[PDB]
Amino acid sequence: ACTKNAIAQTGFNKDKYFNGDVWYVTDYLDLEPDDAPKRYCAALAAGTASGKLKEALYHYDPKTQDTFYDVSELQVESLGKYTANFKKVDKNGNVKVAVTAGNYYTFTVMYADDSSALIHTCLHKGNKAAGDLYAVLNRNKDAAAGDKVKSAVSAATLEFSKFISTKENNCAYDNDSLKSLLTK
């Protein structure tokens, strides 16, 4: 089950975060034992498309090759805290699994600057358990976590040493599909 009421960044700059560009997950922390593989690739685009706040997600397990995209419509709960639906889509935005009640995630931006961010998400999918996830993001897929984001991890009373890096997994991303999925 999820247990964290993540606190959004003071003074969060929504237009800078939701600028239409891509964020790569460089490190992740799942608080639920065996919720996450040990090796993963994930990225997201975030932007406003025709007045609607959107995310597009990509997940890839580099061992199994399991791959899926989602597009998400975000509703605002407060500054930097959202509830997102999700429909599963192919990389061109064709619907595979429609939006349905009880498929949603919460999404909280705990820290962000122009290049890095720390987020929390609680995924609810049907009758699946939930679970908390933290992710360190960067605009550069190859960037080591720096001092602004590692300090934010400590300020959230977390240990960065507990986070699992995605860097040793040869992750390759279709940035074009993530950007175009924002419109879908």
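In case it trips you up, residue 1 is the first one in the sequence shown, and so on.
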**Request:** On mean C-alpha B-factor from the PDB entry, just flag whether 81 to 89 or 95 to 103 is the higher one.
**Result:** 95 to 103
**Fill in**
Once average C-alpha B-factors are taken from the entry for 123 to 131 and 57 to 65, the winner is 123 to 131
**Message:** Sorting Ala42, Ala46, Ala36, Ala49 by Cα temperature factor from the record, which one lands on top?
**Reply:** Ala36
**Message:** How does the C-alpha B factor of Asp21 compare with the rest of the chain: lowest, middle or highest third?
**Reply:** lowest
**Request:** Sort the modelled residues of this chain by their C-alpha B factor and say whether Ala6 lands in the lowest, middle or highest third.
**Result:** middle
**Message:** Please say which third, lowest, middle or highest, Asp142 falls into when its CA temperature factor is compared across its chain.
**Reply:** middle
**Message:** Based on the deposited C-alpha B factors for this chain, I'd like to know if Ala152 is in the lowest, middle or highest third.
**Reply:** middle
**Prompt:** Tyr173: which third of its chain by C-alpha temperature factor?
**Reply:** middle
